[PDB]
Enquirer: 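Provided herewith is a single structure, encoded as structure tokens, for subsequent inquiry.
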Amino acid sequence: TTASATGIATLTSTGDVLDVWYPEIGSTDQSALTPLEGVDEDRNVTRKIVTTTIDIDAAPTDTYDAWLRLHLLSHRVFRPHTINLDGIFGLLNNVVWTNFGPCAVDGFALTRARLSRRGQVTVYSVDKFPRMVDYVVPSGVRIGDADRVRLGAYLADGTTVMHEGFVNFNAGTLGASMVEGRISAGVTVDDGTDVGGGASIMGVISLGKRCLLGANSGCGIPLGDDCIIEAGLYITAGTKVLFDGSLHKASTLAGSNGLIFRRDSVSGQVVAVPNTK
Amino acid sequence: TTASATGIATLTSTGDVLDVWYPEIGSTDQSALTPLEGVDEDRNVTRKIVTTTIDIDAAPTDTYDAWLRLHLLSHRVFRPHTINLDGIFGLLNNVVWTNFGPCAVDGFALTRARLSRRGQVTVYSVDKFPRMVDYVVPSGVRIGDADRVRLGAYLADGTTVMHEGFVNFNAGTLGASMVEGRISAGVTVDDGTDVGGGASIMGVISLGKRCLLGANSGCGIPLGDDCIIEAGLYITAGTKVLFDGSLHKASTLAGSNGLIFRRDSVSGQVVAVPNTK
Amino acid sequence: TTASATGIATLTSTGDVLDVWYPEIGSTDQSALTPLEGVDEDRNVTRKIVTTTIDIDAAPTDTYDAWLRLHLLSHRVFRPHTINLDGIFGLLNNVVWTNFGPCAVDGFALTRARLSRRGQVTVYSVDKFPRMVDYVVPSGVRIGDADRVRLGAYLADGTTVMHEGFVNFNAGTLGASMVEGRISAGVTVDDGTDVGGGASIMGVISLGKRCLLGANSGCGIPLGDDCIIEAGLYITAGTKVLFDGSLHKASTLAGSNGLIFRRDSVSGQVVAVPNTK
Ligand SMILES: N[C@@H](CCCCC(=O)O)C(=O)O
Ligand SMILES: N[C@@H](CCCCC(=O)O)C(=O)O
Ligand SMILES: N[C@@H](CCCCC(=O)O)C(=O)O
């Protein structure tokens, strides 16, 4: 798809792009943006309006291109896996995310000293991906600790990410989900699926609709709809699971609808049983 | 109980209450508060002094009433479950919690653009419950990551909530506890009880005094005093546990004093054994 | 070792040290620092330049001494366990870590009211240890949620601490590691070791090089190099593990190189098997 947006980029003295903010997708409007253009000599950066036009099927070719792809996900214009992100790691700079804005890692000790004349400097994060909410707050969502959702995450209307929840880029919820556990990069869960406190979804892997992962559970295989994983149980692709009298690698049960995975005291095994109903 | 307090409320142009701060319980004093009254045209809100009087046994009837109930818990005036919170979810607005204060979710993209003339906008959270510490810091406590304690939490003198700890509203510690795991809404633990790193207490459920939950353990049943749950073990109400030679649902062991729950290599079962001493 | 540095300390009206920042180790230079000296009457503190000289083998004797020891760790001048920290808990004050800087816990409700004339007050943490990154950002690292690394942590070049990661003081990574789980105080992991999401390393305990802890795993024993612990499995020192046909307490397997710890469906036991290769 051809996608375009006008945004405002933070650039170092040497032209490295620390960030770009696109408040809207597909708009040539600048009036939100012209008053934010300027130089910050304490951070040694310039903020400048840019217009970015990409082919979402092509691999990104520069930092601006990469930042628009992340915005397209979090604005929910594209779902996870529907936009090419190949090489994005090589295009994003590591950045010190402060209360004054993005700062370069190179020379940060001098930057901090300079900014400290203006007030207390707080560092929120040091990373190549910023906190999603500082760029887009999508409609119909709650996030308890907004450190834990990266820009590039897709959170559908009706989603709550609790404080224990975590959503990486190119990942998230396709419908209304309670997320109290970790959605890895490249993982999606569908409508009605609830991820229990401290649960881990590895990621290749997705879950369908109305699944329930218990607190401190884990899922290393794709599942379909209406599956349950008991609290405290980690189903890896290599976990041995008893189903209809034979032991299978859990990968053999990948994609299933309507299974409950639980410990079984009678066999001593992990078991998968039908979910009724 | 009749409870009353004077506070300062943030109101939208249409009268929705984004927050109320009650610095003290039971005081008619305003001198902390009159200089904070005003309008913020970038957030399109007004901050106004209010006096709120409630019956703690009655269900809350408006947003102001709901916010005082949360303050009464975090100020430790009322313990969890001793104040009626029925319907509170329907009375609290979802709010964007920023470094500039609460903002409405409706029109937030315009609000952000307006505030950005003043400085970098950071969103801490998007939720109906704010971070407790921005309203009350109770005496004798430490909180590592204060994103992870909601207003409405009760933390008794001597409590440390470590970074991995989480305490929801209507929940917390009744005495001195080390909290490195998740205390769900409606859960309490009593004096001396320590919740290990990444442990999960579901919640109906409480723990008594001097209990020890190992790292990455779970507890889905009420327990009494001096119980231990081994690291990595999740005791759900349906978990089968061997005690005095029979297999029980762990719910049959609910309320016990002095039990250790651990994996047993000899039986292959979860076992509960006496804690000596 | 004799270690010395010039820093700037925040002192209460009664002389309690809330913090000290040493921007550099071993320098008599003040030019970063003289403009930050002053009084803040809303917090009732003074910020003053200090020069601190210690013997790293001696127990710390005052708050200044304690804060330099933490900086020496995070600046990576000293590795964990190579600097005496005995009694440090008794020398650090509990502090309210705000967007305005450190505040005393005594009288904090008045302080908050005073600061609120200047703008929204946000409390990041309440603790004796601050967030490392507000004092030192070491080179070559990423930290997703910088609430979760305490000052006193040692993070070697090439380390990423993901959002689920946590690193305490006197703890961390000796080489390039992906940290998505909890490194307790006094725990180190060596080069190449990756700590999976939600994994717990207790701490006495270290891991060697190229170890892999699966998501939601636990490790309560020291291990050497090239060990793996399966996702969802907690190896405590008392866990019974089958190795070469006998059941051992996992403590008997402490220090091993090249072992995989996993659940075994054939025996019903935890098993340790050779890592090939
Ligand atoms: N696989 C983990 C950690 C890698 C994230 C990407 C990174 O290192 O930046 C997760 O997806 O949650
Ligand atoms: N049961 C979980 C999540 C629901 C919290 C309330 C909510 O959705 O806001 C806990 O108590 O920690
Ligand atoms: N043992 C835990 C909690 C204690 C930390 C020190 C404290 O209470 O401040 C950890 O090391 O992560």
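Throughout, a chain's letter reflects where its sequence line sits, starting with A, and its residues are numbered from 1. Whatever order the structure lists ligands and atoms in, that order sets their numbers, starting from 1.
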Enquirer: With no hydrogens and no angle check, just 3.5 Å: does a side-chain donor-acceptor pair link A:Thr188 and A:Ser206?
Expert: no

Enquirer: If you measure from the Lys or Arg side-chain nitrogens to the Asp or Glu carboxylate oxygens, is any gap between C:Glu180 and A:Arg182 under 4.0 Å?
Expert: no

Enquirer: Apply the side chain to side chain contact (heavy atoms under 4.5 Å, CB included) test between C:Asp145 and each candidate in C:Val149, C:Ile143, C:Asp147; give the one that qualifies.
Expert: C:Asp147

Enquirer: Report yes if the distance between the aromatic ring centroids of C:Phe169 and C:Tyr154 is under 6.0 Å, otherwise no.
Expert: no

Enquirer: Students should find this: residues with any non-hydrogen atom under 4.0 Å from ligand 1. What is the answer?
Expert: A:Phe89, A:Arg150, A:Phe166, A:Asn168, A:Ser184, A:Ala185, C:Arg142, C:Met162, C:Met178, C:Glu180

Enquirer: Strictly by modelled atom types, are C:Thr193 and C:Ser177 linked by a side-chain donor-acceptor pair under 3.5 Å?
Expert: no

Enquirer: Would you say the side-chain atoms of B:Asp19 and B:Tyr135 include a donor-acceptor pair closer than 3.5 Å?
Expert: yes

